[PDB]
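Structure data (PDB, C-alpha atoms) from my_file_13.pdb:
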ATOM      1  CA  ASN X   8      91.402  88.608  71.737  1.00  0.00           C
ATOM      2  CA  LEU X   9      91.937  91.257  74.372  1.00  0.00           C
ATOM      3  CA  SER X  10      94.074  90.521  77.433  1.00  0.00           C
ATOM      4  CA  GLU X  11      91.551  89.061  79.879  1.00  0.00           C
ATOM      5  CA  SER X  12      90.115  86.703  77.249  1.00  0.00           C
ATOM      6  CA  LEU X  13      93.557  85.226  76.510  1.00  0.00           C
ATOM      7  CA  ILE X  14      94.826  84.352  79.974  1.00  0.00           C
ATOM      8  CA  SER X  15      92.774  81.195  80.552  1.00  0.00           C
ATOM      9  CA  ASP X  16      94.811  79.623  77.739  1.00  0.00           C
ATOM     10  CA  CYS X  17      98.118  80.816  79.239  1.00  0.00           C
ATOM     11  CA  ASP X  18     100.320  79.860  82.136  1.00  0.00           C
ATOM     12  CA  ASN X  19     100.470  82.444  84.913  1.00  0.00           C
ATOM     13  CA  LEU X  20     104.205  83.092  85.145  1.00  0.00           C
ATOM     14  CA  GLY X  21     103.999  85.693  87.907  1.00  0.00           C
ATOM     15  CA  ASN X  22     104.493  89.113  86.382  1.00  0.00           C
ATOM     16  CA  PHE X  23     102.973  88.100  83.020  1.00  0.00           C
ATOM     17  CA  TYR X  24     101.008  85.301  81.386  1.00  0.00           C
ATOM     18  CA  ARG X  25     102.276  83.317  78.414  1.00  0.00           C
ATOM     19  CA  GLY X  26     100.781  80.555  76.343  1.00  0.00           C
ATOM     20  CA  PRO X  27     100.934  78.801  73.002  1.00  0.00           C
ATOM     21  CA  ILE X  28      98.076  80.155  70.924  1.00  0.00           C
ATOM     22  CA  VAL X  29      97.967  79.524  67.165  1.00  0.00           C
ATOM     23  CA  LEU X  30      95.843  82.000  65.192  1.00  0.00           C
ATOM     24  CA  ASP X  31      95.810  82.920  61.510  1.00  0.00           C
ATOM     25  CA  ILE X  32      97.283  86.434  61.533  1.00  0.00           C
ATOM     26  CA  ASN X  33      95.533  87.611  58.368  1.00  0.00           C
ATOM     27  CA  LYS X  34      92.182  86.225  59.551  1.00  0.00           C
ATOM     28  CA  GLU X  35      92.327  87.637  63.082  1.00  0.00           C
ATOM     29  CA  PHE X  36      94.372  90.844  63.078  1.00  0.00           C
ATOM     30  CA  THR X  37      95.306  93.998  61.285  1.00  0.00           C
ATOM     31  CA  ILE X  38      99.032  94.696  61.396  1.00  0.00           C
ATOM     32  CA  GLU X  39     101.149  97.763  60.565  1.00  0.00           C
ATOM     33  CA  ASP X  40     104.823  98.349  59.819  1.00  0.00           C
ATOM     34  CA  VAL X  41     106.253 101.322  61.698  1.00  0.00           C
ATOM     35  CA  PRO X  42     109.891 102.370  61.114  1.00  0.00           C
ATOM     36  CA  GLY X  43     112.464 102.638  63.859  1.00  0.00           C
ATOM     37  CA  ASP X  44     116.166 102.745  64.640  1.00  0.00           C
ATOM     38  CA  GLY X  45     116.022  99.677  66.869  1.00  0.00           C
ATOM     39  CA  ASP X  46     113.516  96.850  66.513  1.00  0.00           C
ATOM     40  CA  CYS X  47     110.456  99.140  65.991  1.00  0.00           C
ATOM     41  CA  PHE X  48     109.135  98.595  69.542  1.00  0.00           C
ATOM     42  CA  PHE X  49     109.177 102.239  70.636  1.00  0.00           C
ATOM     43  CA  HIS X  50     107.671 103.624  67.430  1.00  0.00           C
ATOM     44  CA  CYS X  51     104.916 101.009  67.574  1.00  0.00           C
ATOM     45  CA  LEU X  52     103.966 101.914  71.118  1.00  0.00           C
ATOM     46  CA  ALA X  53     104.405 105.654  70.563  1.00  0.00           C
ATOM     47  CA  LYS X  54     101.867 105.267  67.759  1.00  0.00           C
ATOM     48  CA  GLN X  55      99.384 103.570  70.103  1.00  0.00           C
ATOM     49  CA  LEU X  56      99.894 106.222  72.838  1.00  0.00           C
ATOM     50  CA  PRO X  57      98.653 109.421  71.134  1.00  0.00           C
ATOM     51  CA  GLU X  58     100.016 111.951  73.680  1.00  0.00           C
ATOM     52  CA  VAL X  59     103.409 110.203  73.916  1.00  0.00           C
ATOM     53  CA  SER X  60     106.302 110.560  71.456  1.00  0.00           C
ATOM     54  CA  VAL X  61     109.183 108.060  71.224  1.00  0.00           C
ATOM     55  CA  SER X  62     111.410 110.345  73.283  1.00  0.00           C
ATOM     56  CA  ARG X  63     108.720 110.962  75.893  1.00  0.00           C
ATOM     57  CA  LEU X  64     108.108 107.203  76.136  1.00  0.00           C
ATOM     58  CA  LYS X  65     111.788 106.541  76.838  1.00  0.00           C
ATOM     59  CA  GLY X  66     111.790 109.307  79.446  1.00  0.00           C
ATOM     60  CA  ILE X  67     108.741 107.872  81.224  1.00  0.00           C
ATOM     61  CA  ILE X  68     110.291 104.384  81.185  1.00  0.00           C
ATOM     62  CA  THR X  69     113.620 105.738  82.508  1.00  0.00           C
ATOM     63  CA  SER X  70     111.951 107.600  85.378  1.00  0.00           C
ATOM     64  CA  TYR X  71     109.695 104.683  86.248  1.00  0.00           C
ATOM     65  CA  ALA X  72     112.667 102.301  86.455  1.00  0.00           C
ATOM     66  CA  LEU X  73     114.605 104.718  88.677  1.00  0.00           C
ATOM     67  CA  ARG X  74     111.666 105.030  91.080  1.00  0.00           C
ATOM     68  CA  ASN X  75     110.139 101.537  90.994  1.00  0.00           C
ATOM     69  CA  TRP X  76     113.056  99.121  90.625  1.00  0.00           C
ATOM     70  CA  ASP X  77     111.847  97.158  93.678  1.00  0.00           C
ATOM     71  CA  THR X  78     108.494  96.331  92.016  1.00  0.00           C
ATOM     72  CA  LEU X  79     109.800  95.448  88.529  1.00  0.00           C
ATOM     73  CA  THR X  80     110.949  91.983  87.459  1.00  0.00           C
ATOM     74  CA  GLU X  81     112.309  92.100  83.896  1.00  0.00           C
ATOM     75  CA  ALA X  82     114.685  95.061  84.002  1.00  0.00           C
ATOM     76  CA  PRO X  83     116.206  94.028  87.378  1.00  0.00           C
ATOM     77  CA  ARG X  84     116.922  90.570  85.946  1.00  0.00           C
ATOM     78  CA  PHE X  85     119.038  91.929  83.085  1.00  0.00           C
ATOM     79  CA  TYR X  86     120.576  95.142  84.482  1.00  0.00           C
ATOM     80  CA  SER X  87     122.685  95.862  87.531  1.00  0.00           C
ATOM     81  CA  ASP X  88     120.600  98.887  88.628  1.00  0.00           C
ATOM     82  CA  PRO X  89     118.393 101.658  87.145  1.00  0.00           C
ATOM     83  CA  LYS X  90     121.426 103.733  86.097  1.00  0.00           C
ATOM     84  CA  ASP X  91     122.878 100.847  84.071  1.00  0.00           C
ATOM     85  CA  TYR X  92     119.439 100.352  82.518  1.00  0.00           C
ATOM     86  CA  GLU X  93     118.997 104.068  81.744  1.00  0.00           C
ATOM     87  CA  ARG X  94     122.329 104.174  79.903  1.00  0.00           C
ATOM     88  CA  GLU X  95     121.431 101.247  77.642  1.00  0.00           C
ATOM     89  CA  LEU X  96     117.759 102.133  77.111  1.00  0.00           C
ATOM     90  CA  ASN X  97     118.591 105.626  75.899  1.00  0.00           C
ATOM     91  CA  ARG X  98     120.918 104.588  73.078  1.00  0.00           C
ATOM     92  CA  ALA X  99     119.333 105.228  69.690  1.00  0.00           C
ATOM     93  CA  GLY X 100     119.755 101.612  68.537  1.00  0.00           C
ATOM     94  CA  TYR X 101     118.548  99.968  71.745  1.00  0.00           C
ATOM     95  CA  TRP X 102     116.126  97.093  71.069  1.00  0.00           C
ATOM     96  CA  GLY X 103     112.913  97.362  73.040  1.00  0.00           C
ATOM     97  CA  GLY X 104     110.793  94.447  74.099  1.00  0.00           C
ATOM     98  CA  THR X 105     109.332  92.573  77.057  1.00  0.00           C
ATOM     99  CA  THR X 106     111.475  94.501  79.574  1.00  0.00           C
ATOM    100  CA  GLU X 107     109.833  97.781  78.552  1.00  0.00           C
ATOM    101  CA  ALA X 108     106.443  96.153  78.060  1.00  0.00           C
ATOM    102  CA  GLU X 109     106.400  95.473  81.797  1.00  0.00           C
ATOM    103  CA  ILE X 110     107.419  99.045  82.651  1.00  0.00           C
ATOM    104  CA  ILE X 111     104.740 100.432  80.323  1.00  0.00           C
ATOM    105  CA  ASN X 112     102.146  98.126  81.922  1.00  0.00           C
ATOM    106  CA  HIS X 113     103.080  99.250  85.434  1.00  0.00           C
ATOM    107  CA  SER X 114     103.482 102.962  84.603  1.00  0.00           C
ATOM    108  CA  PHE X 115     100.519 103.608  82.293  1.00  0.00           C
ATOM    109  CA  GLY X 116      98.512 100.758  83.833  1.00  0.00           C
ATOM    110  CA  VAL X 117      97.562  99.543  80.364  1.00  0.00           C
ATOM    111  CA  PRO X 118      97.418  95.863  79.343  1.00  0.00           C
ATOM    112  CA  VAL X 119     100.174  94.890  76.918  1.00  0.00           C
ATOM    113  CA  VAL X 120      99.699  91.894  74.614  1.00  0.00           C
ATOM    114  CA  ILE X 121     102.626  90.642  72.509  1.00  0.00           C
ATOM    115  CA  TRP X 122     101.953  87.929  69.921  1.00  0.00           C
ATOM    116  CA  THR X 123     104.885  85.998  68.493  1.00  0.00           C
ATOM    117  CA  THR X 124     105.082  84.422  65.039  1.00  0.00           C
ATOM    118  CA  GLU X 125     107.863  82.136  63.773  1.00  0.00           C
ATOM    119  CA  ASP X 126     106.555  81.670  60.221  1.00  0.00           C
ATOM    120  CA  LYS X 127     105.040  85.169  59.662  1.00  0.00           C
ATOM    121  CA  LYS X 128     101.633  83.579  58.960  1.00  0.00           C
ATOM    122  CA  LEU X 129     100.361  81.976  62.173  1.00  0.00           C
ATOM    123  CA  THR X 130     100.984  83.070  65.710  1.00  0.00           C
ATOM    124  CA  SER X 131     102.922  80.665  67.909  1.00  0.00           C
ATOM    125  CA  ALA X 132     102.515  82.250  71.343  1.00  0.00           C
ATOM    126  CA  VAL X 133     101.186  85.243  73.223  1.00  0.00           C
ATOM    127  CA  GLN X 134     102.532  87.087  76.275  1.00  0.00           C
ATOM    128  CA  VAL X 135     100.104  89.177  78.329  1.00  0.00           C
ATOM    129  CA  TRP X 136     100.476  91.842  81.014  1.00  0.00           C
ATOM    130  CA  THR X 137      97.076  92.418  82.591  1.00  0.00           C
ATOM    131  CA  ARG X 138      95.724  95.837  83.575  1.00  0.00           C
ATOM    132  CA  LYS X 139      97.259  97.469  86.651  1.00  0.00           C
ATOM    133  CA  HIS X 140      95.257 100.722  86.829  1.00  0.00           C
ATOM    134  CA  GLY X 141      93.460 103.283  84.713  1.00  0.00           C
ATOM    135  CA  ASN X 142      91.331 102.832  81.623  1.00  0.00           C
ATOM    136  CA  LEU X 143      93.724 103.248  78.681  1.00  0.00           C
ATOM    137  CA  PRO X 144      93.029 100.991  75.683  1.00  0.00           C
ATOM    138  CA  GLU X 145      95.217  97.903  75.465  1.00  0.00           C
ATOM    139  CA  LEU X 146      98.523  97.987  73.568  1.00  0.00           C
ATOM    140  CA  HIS X 147      99.025  95.075  71.160  1.00  0.00           C
ATOM    141  CA  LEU X 148     102.106  94.081  69.180  1.00  0.00           C
ATOM    142  CA  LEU X 149     103.278  91.357  66.829  1.00  0.00           C
ATOM    143  CA  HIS X 150     106.863  90.183  67.279  1.00  0.00           C
ATOM    144  CA  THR X 151     107.975  88.835  63.899  1.00  0.00           C
ATOM    145  CA  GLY X 152     111.545  87.960  63.029  1.00  0.00           C
ATOM    146  CA  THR X 153     113.614  90.508  64.927  1.00  0.00           C
ATOM    147  CA  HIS X 154     111.128  93.383  64.864  1.00  0.00           C
ATOM    148  CA  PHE X 155     107.770  94.505  66.168  1.00  0.00           C
ATOM    149  CA  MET X 156     104.660  95.581  64.313  1.00  0.00           C
ATOM    150  CA  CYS X 157     101.490  97.194  65.598  1.00  0.00           C
ATOM    151  CA  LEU X 158      98.584  94.770  65.851  1.00  0.00           C
ATOM    152  CA  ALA X 159      94.868  95.033  66.531  1.00  0.00           C
ATOM    153  CA  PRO X 160      92.133  92.387  66.593  1.00  0.00           C
ATOM    154  CA  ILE X 161      89.972  92.672  63.498  1.00  0.00           C
ATOM    155  CA  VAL X 162      86.695  94.282  64.525  1.00  0.00           C
TER     156      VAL X 162
END
Would you write out, as structure tokens, the structure that this file holds?
Amino acid sequence: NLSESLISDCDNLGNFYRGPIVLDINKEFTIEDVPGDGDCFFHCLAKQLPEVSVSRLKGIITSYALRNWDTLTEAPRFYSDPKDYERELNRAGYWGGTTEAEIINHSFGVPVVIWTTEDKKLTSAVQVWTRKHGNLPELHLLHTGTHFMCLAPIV
């Protein structure tokens, strides 16, 4: 259940893949609650990036958006320009999600896999950014209700 194994069951939607995939969360994954002031996205990914704190992650994302707006898709769809995005992203209560997942994928190069669940027991869908460069281990998340948890395939 790493990124490349999932995409044949997804649609290729350009900058990411997405597909309905229904897996038993308790049977297939380990999941972890991580606190946060927003929706837990940044703490979850800071945990999975061992040399990167929450504040450093936001700084990397901010810089990447300022310098790579022409090659991003999600942030430019929802924000007028990188300055507008920087102002919102850097509020303490900002809710992270797919917009930052793309920036993390492009900046660190790492695959990002976000599973969604509607009933908290089975997944309903997965969204996948495939590797862009480097050899960092994949970042996986579960999006449940209005928050994110860390996720890893059971070994």
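Separating atom CA of residue 30 of chain X from atom CA of residue 130 of chain X is a distance of 5.3 Å.
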Hits of the PyMOL selection byres ((chain X and resi 39) around 9) in this structure, as a ChimeraX atom specification: /X:37-38,40-41,51,156-158
Selection result for the PyMOL selection byres ((chain X and resi 127) around 10) on this file, as a PyMOL selection string: chain X and resi 31-33+123-126+128-131+149-152
Generate a file of the selected residues that holds C-alpha atoms, formatted as a CSV table (one decimal), in the frame of the given file.
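Output (selection-v6.csv):
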chain,number,residue,atom,x,y,z
X,31,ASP,CA,95.8,82.9,61.5
X,32,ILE,CA,97.3,86.4,61.5
X,33,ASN,CA,95.5,87.6,58.4
X,123,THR,CA,104.9,86.0,68.5
X,124,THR,CA,105.1,84.4,65.0
X,125,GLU,CA,107.9,82.1,63.8
X,126,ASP,CA,106.6,81.7,60.2
X,128,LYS,CA,101.6,83.6,59.0
X,129,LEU,CA,100.4,82.0,62.2
X,130,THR,CA,101.0,83.1,65.7
X,131,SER,CA,102.9,80.7,67.9
X,149,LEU,CA,103.3,91.4,66.8
X,150,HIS,CA,106.9,90.2,67.3
X,151,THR,CA,108.0,88.8,63.9
X,152,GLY,CA,111.5,88.0,63.0
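Applied to this file, the PyMOL selection byres ((chain X and resi 108-116) around 6) selects the residues residues 105, 106, 107, 117, 118, 138, 139, 140 and 141 of chain X.
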Those same residues, written as a tab-separated table (two decimals), in the coordinates of the input with C-alpha atoms?
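Below is the file result15.tsv, written as the result:
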chain	number	residue	atom	x	y	z
X	105	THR	CA	109.33	92.57	77.06
X	106	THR	CA	111.48	94.50	79.57
X	107	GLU	CA	109.83	97.78	78.55
X	117	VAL	CA	97.56	99.54	80.36
X	118	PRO	CA	97.42	95.86	79.34
X	138	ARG	CA	95.72	95.84	83.58
X	139	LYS	CA	97.26	97.47	86.65
X	140	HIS	CA	95.26	100.72	86.83
X	141	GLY	CA	93.46	103.28	84.71
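Between atom CA of residue 133 of chain X and atom CA of residue 44 of chain X the separation is 24.6 Å.
For the pair atom CA of residue 14 of chain X and atom CA of residue 119 of chain X, the separation is 12.2 Å.
Distances from X:159, X:132, X:146, X:72 to residue 26 of chain X were compared using all atoms listed in the file, and the smallest one belongs to X:132.
For the choices X:55, X:87, X:62, X:75, the atom-to-atom distance to residue 143 of chain X is smallest for X:55 when using all atoms listed in the file.
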